[PDB]
Amino acid sequence: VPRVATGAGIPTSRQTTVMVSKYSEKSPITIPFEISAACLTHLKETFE
Amino acid sequence: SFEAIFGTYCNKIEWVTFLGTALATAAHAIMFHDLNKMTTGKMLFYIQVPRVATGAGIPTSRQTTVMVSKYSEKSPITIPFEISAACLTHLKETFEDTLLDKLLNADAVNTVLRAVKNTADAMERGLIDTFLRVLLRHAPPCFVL
Amino acid sequence: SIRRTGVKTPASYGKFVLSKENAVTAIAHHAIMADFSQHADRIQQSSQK
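Residues numbered from 1 in each chain as written, not as in the entry; some residues may be left out. Chains lettered and ligands numbered in written order. Part of a larger assembly, values for the part shown. Heavy atoms only, no water.

Method-wise, the PDB entry is recorded as coming from cryo-EM, at a reported resolution of 5.0 Å.

Below, the structure written as structure tokens:
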């Protein structure tokens, strides 16, 4: 903090050491996508 | 898991002096080292008067000699800084230096060099303060003037 | 005052990565200090730089 004091009789503030901690608020993201087991099969199926 | 502490960013604070601010035009800043011995700086002003007299029957107000004298008003400034006795000890205490002390000694050098330099900011900023408050405590409000 | 031409803009994500020096702190007492491989070099020098 910027140290300053002054005058005669004015109550002079002692120097202050400020240390602040700032955190992390966290969020997940998720999409599902569906592939049906007929559409899954015709990949690996490979008919005549 | 972590705690994930990231970088402790320092507040490098801006440094000002009395003359560098714009208030310096309102001041004629003078160093005088025997000033503590003074009492009341007392600029004497001798003023010659303008003169006009005229007419018949008009009372001619005689010539005038005016000597006004304005005084000095004191307002000293005083800031403390507070160095811990433990912080002064590590210049003298000085243990096994590796792994432990070379942190705490060289940081106590910094801590003392921080506050003494921060106090030099306070002596300047307090000089910004009281010179402003002198200009407050001698300026009438504008409707008076 | 609204003018739309184009702004230089980042195209890749940043990288934070746990060091071989830093990963043990996650294992020993479960924390990560950023540049803990770099704070240590100040400790064997003038500390608060």
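Draft legend 1. Structural view of the overall build of chain C. Counting its secondary structure elements, chain C contains two helices and zero strands. A principal-axis box enclosing the C-alpha atoms of chain C has dimensions of 55 × 30 × 15 Å. Taken over 49 residues, chain C has a buried fraction of 14%. As presented, chain C carries roughly 4,700 Å² of accessible surface, and 55% of it is formed by carbon and sulfur atoms. (Helix = DSSP H or I, 4+ residues; strand = E, 2+ residues; numbered from the N terminus. Buried < 20%, exposed > 50% of the residue type's maximum accessible area, 1.4 Å probe, protein only. Areas by Shrake-Rupley, 256 points an atom, 1.4 Å probe, with all protein chains shown as cover.)

Draft legend 2. Focus on the interface of chain B and chain C. At the junction of the two partners, chain B supplies 13 residues and chain C supplies 13 residues. Our enumeration of links across chain B and chain C arrives at five residue pairs in polar contact. Broken down by class, the residue content of the side of chain B that touches chain C amounts to six nonpolar, three polar and four charged. (Contact = heavy atoms within 4.5 Å. Polar contact = N/O pair within 3.5 Å; in protein donor to acceptor, adjacent residues only side chain to side chain. Nonpolar A, V, L, I, M, F, W, Y, C, P; charged D, E, K, R; others polar.)

Draft legend 3. Representation of the interface of chain A and chain B within the structure. Listed as interface residues are 11 residues of chain A and, on the opposing side, 16 residues of chain B. Summing both sides of the interface, chain A and chain B together bury roughly 1,200 Å²; the carbon and sulfur share of this comes to 49%. Viewed at the interface, chain B and chain A are joined by one salt bridge. Here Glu82(B) makes a salt bridge to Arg14(A), at a shortest N to O gap of 3.4 Å. In this assembly, chain A and chain B are joined by four residue pairs in polar contact. (Buried area = accessible area lost by both parts, 1.4 Å probe. Salt bridge = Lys/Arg side-chain N within 4 Å of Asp/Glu carboxyl O.)

Draft legend 4. Just the arrangement of the chains, in detail. No other pair of the two pairs of chains in contact has as many contacts as chains A and B. Separated in space, chain A and chain C share no contact, their closest pair of C-alpha atoms being 14 Å apart.

Draft legend 5. A look at a nonpolar patch on the surface. The grouping of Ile31(A), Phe33(A), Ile35(A), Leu40(A) and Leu43(A) at the surface amounts to a nonpolar patch, some 610 Å² of accessible area in total. Relative to the helices and strands, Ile35(A) is located in the segment before helix 1 (41-44). (Patch = residues over 30% accessible without salt bridge, like charges linked within 9 Å, V, L, I, M, F, W, Y side chains within 5 Å.)

Draft legend 6. Geometry of the state of the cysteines. Scanning the model with the defined rule gives zero disulfides over all chains in all. Counting only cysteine sulfurs, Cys87(B) is the nearest neighbor of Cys10(B), a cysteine outside any disulfide, at a range of 18 Å. (Disulfide = S-S within 2.5 Å.)

Draft legend 7. Broad picture of the packing of aromatic side chains. All names here are of chain B. Evaluation of the coordinates by the stated rule reveals two aromatic pairs over all chains. Here the aromatic rings of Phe18 and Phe131 are separated by 5.3 Å at their centres, their planes lie at 85 degrees, and the arrangement is edge-to-face. Of this pair, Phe18 sits in the segment before strand 1 (44-48) while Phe131 is found in helix 2 (residues 97-137), placing the two residues 113 residues apart along the sequence. (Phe/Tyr/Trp six-rings, centres within 6.5 Å; stacked < 30°, edge-to-face > 60°.)

Draft legend 8. Structural view of the pairing of strand 1 of chain B. Residue and element names in this part refer to chain B. In terms of burial, strand 1 is largely open, as just zero of its five residues are buried. As paired elements, strand 1 and strand 2 (residues 65-69) share five bridges and run antiparallel to each other. Its bridge partner lying in strand 2, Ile47 is registered against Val66. (Pairing = 2+ DSSP bridges.)

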